[PDB]
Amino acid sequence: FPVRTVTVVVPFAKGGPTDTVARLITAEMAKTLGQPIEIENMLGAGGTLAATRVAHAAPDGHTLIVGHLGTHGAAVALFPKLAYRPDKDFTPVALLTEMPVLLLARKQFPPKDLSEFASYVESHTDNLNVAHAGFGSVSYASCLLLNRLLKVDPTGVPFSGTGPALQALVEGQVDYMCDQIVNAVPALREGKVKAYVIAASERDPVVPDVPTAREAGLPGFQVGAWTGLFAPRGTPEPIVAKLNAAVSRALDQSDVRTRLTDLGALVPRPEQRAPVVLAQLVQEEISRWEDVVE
């Protein structure tokens, strides 16, 4: 293993955070595996179609899925009739990264802080559009958490990913969005959108002028977006061991550490790299979003 090109399926549109992470790590992975890795962007069913098709793929290790806090976590609690169990229909391979989520808005969004932001959504809640990438998305899970904390229910506008959703925010076609920091950073650095808060305990040094949800009065708004590599259930443990080690050696490449960390994402630490660390994150994420619904 491998005997041919490995397919790594991404549930979201090219250019977005999940795609950006997967392309960066999987290219370096080819050096350990001895075969090239093909990225397939497979859209549909609010980010869950990819995971559904890979739940049903041959468990030979040649067909893998990138999952995250949405597709393999919050989706259980938030997605009616989810077609898979993220714990039991997948063999976890590797944690790829973890990063905070940011509340972004269009440049000219009139609220200047989270105080004003709550009042203005509470007041215009008909005419407002919140962007997400479907009920299996981080963007959706994060905006549902924020909107329930602030007791507002504006219209959601579904996108094929936060890549397209971000461009919609840049053109002011939508009002706000909760997004993964790796997607948000380049737009912020060009001044094309603004962040109100980071859904984290601590400020992120790549966006140090953005206040935590805690310091801006909403400590319940904490979303640590993990991204993971999974295989179909029953993928042999040796094939899983070799893929996992390929991720580990990829994460050690200078090119990968500096690209991940420059965009505000963490490099999984050595003690975070076992397949079970990711299985434990799936279990905790599933329960966390069951609590949010309750």
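Heads up: residue numbers just count along the shown sequence, starting at 1.
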Averaged over C-alpha atoms, is the B-factor higher for 139-147 or for 108-116 in this PDB entry?
108-116
Give the stretch, out of 187-195 and 117-125, with the larger mean C-alpha temperature factor in the deposited entry.
117-125
When you compare the CA B-factors of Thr48, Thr227, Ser254, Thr235 as listed in the entry, which one comes out on top?
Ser254
Can you tell me which of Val101, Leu95, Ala216, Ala133 has the maximum CA B-factor listed in the PDB entry?
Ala216
Rank-wise, by C-alpha B-factor, drop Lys81 into the lowest, middle or highest third of its chain.
highest
Position of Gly161 among the chain's modelled residues by C-alpha B-factor, lowest, middle or highest third
lowest
Is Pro17 in the lowest, middle or highest third of its chain when residues are ranked by C-alpha B-factor?
lowest
What third of its chain's C-alpha B-factors does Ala57 belong to: lowest, middle or highest?
middle
Third of the chain, ranked by Cα B-factor, where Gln222 sits:
highest
